[PDB]
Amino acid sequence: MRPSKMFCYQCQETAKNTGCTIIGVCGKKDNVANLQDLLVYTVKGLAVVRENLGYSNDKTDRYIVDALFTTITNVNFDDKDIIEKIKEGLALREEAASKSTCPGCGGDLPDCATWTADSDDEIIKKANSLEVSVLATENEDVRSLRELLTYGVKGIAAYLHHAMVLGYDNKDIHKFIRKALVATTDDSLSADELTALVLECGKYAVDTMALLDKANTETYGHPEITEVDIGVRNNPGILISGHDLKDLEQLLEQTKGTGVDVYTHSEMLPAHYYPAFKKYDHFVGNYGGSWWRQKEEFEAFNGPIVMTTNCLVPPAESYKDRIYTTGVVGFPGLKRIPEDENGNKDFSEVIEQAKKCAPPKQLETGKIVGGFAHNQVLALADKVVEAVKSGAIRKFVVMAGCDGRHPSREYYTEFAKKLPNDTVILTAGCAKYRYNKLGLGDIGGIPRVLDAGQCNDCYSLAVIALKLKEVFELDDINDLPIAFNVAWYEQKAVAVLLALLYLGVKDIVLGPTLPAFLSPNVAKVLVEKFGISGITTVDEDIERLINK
């Protein structure tokens, strides 16, 4: 018997930092949360069956990453979509089971690999069962490690999805996803074995971020130094949000010559840094701030909005008629832009709607500079190294990650403003919006905020650090003049954290709170072995991270 209507604690904003049990803080309703649990459960069973067969296939690999992405915070609020995804997994699982060479193994299989439902009512009943809840794992340390691994796997799945959209893949990462999912169903594993899998999850997060970096840069060019306008023009626009650059490619192609401008929002900002998008005259600039302001900013934008990934907030009535979903995003009543047989998407109706809209309300004017991904920073290596050797740059501070609504996040704005003028902030992901419009200036022409791109472009920050480690002949990445004060919100940030731990980064400050899914004993290991700490006050953290 489920002790509460739902249980979800996978993001930074979980209620009281102990768990959403009646309705999600994000707006995810109990029935949706329980259906998402059943979707994860169904994916775990599908992984068990594929591991029994000994191999997977492309349609199953894509399904598994897409189904996991469907359950990431702020992606899909639509119970109908989640039910359809559950049924798709059951059909793929039954297909796989029909190809089994050892079907006598059925009775030894965990329930997630064999459960069935003969009706939508039986699906809902199963979704409401205790066995599909996150709380089904009874020991709190085993639960903590399984959930941490699972959320790291969701983050891998999101980034892998984007690589696959662009025609890139790595079947070893999919093999790891299945292995990890199976492990969370395996009561024979010890906590040490789960701990090893969490570390291996960081290794595969590096590999996945490397693959997505290859996909984005081979397709659209290497990011380069770019000034991005944050004001508006006088034409109707379409605002594109989330992370998917292929969606933008098609939107820009289809709006060329139409009189409809295109603007980016939140994690679409880094598209401006890629040469393939810079080429379009009607690609205007970046509108507003990070995802949590979107109810106000999407209304002010006046034109249609295309949400390619998270973060989607349950929309205000004022713009519900002009916000569209795509990819795995969903919300009841929002129309979707589906892929055709080739993965092409048709924005014609969004464009015809945009022609009838007022132009965007100006929220601000000016320009921000960005595009300091790994190729661009490597081209500046002599200048960066010279600034380090002279002490013009005494310390880099990685403040990358993912913003959110909690006002405690003011810490990051105040921290950025109080840093001394001989430090440089390295950023990526929407955490940047706490400090990327502050006018912090430059050090000998190197901006004091260096934006490498989306949260996945934390990969570039790791590559830059590893290059500086090589240049300075250090044998420990932590011997660089670098500090980490990272903000997190959902599961892609968890995968980024694990990647950093796997790469050997110690003493990360993680905030503005520590995840609810760390049990006391698990958090103890992160503190004592990896040096993780939470934020305190700006002055104390400036002192410990910068001046000592």
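Quick note: we count residues from 1 along the sequence shown, nothing fancier.
When 299-307 is weighed against 87-95, 87-95 comes out higher, by mean CA B-factor as recorded in the entry. Averaged over CA atoms, B-factors in the entry run higher in 331-339 than in the other of 198-206 and 331-339. In this structure the maximum Cα B-factor among 211, 388, 425, 173 is found at 388.
Per the deposited record, 124 carries the highest C-alpha B-factor of all listed residues (245, 153, 398, 124). Split the chain's modelled residues into thirds by C-alpha temperature factor. Residue 491 is in the lowest one.
Ranked against the other modelled residues of its chain, the C-alpha B-factor of residue 533 as given in the entry falls in the highest third.
Remark: residue 374 belongs to the lowest third of its chain, ranked by C-alpha B-factor as recorded. Annotation for residue 270: C-alpha temperature factor in the lowest third relative to the rest of the modelled chain, per the entry.
When the modelled residues of the chain are ordered by C-alpha B-factor, residue 285 sits in the middle third.
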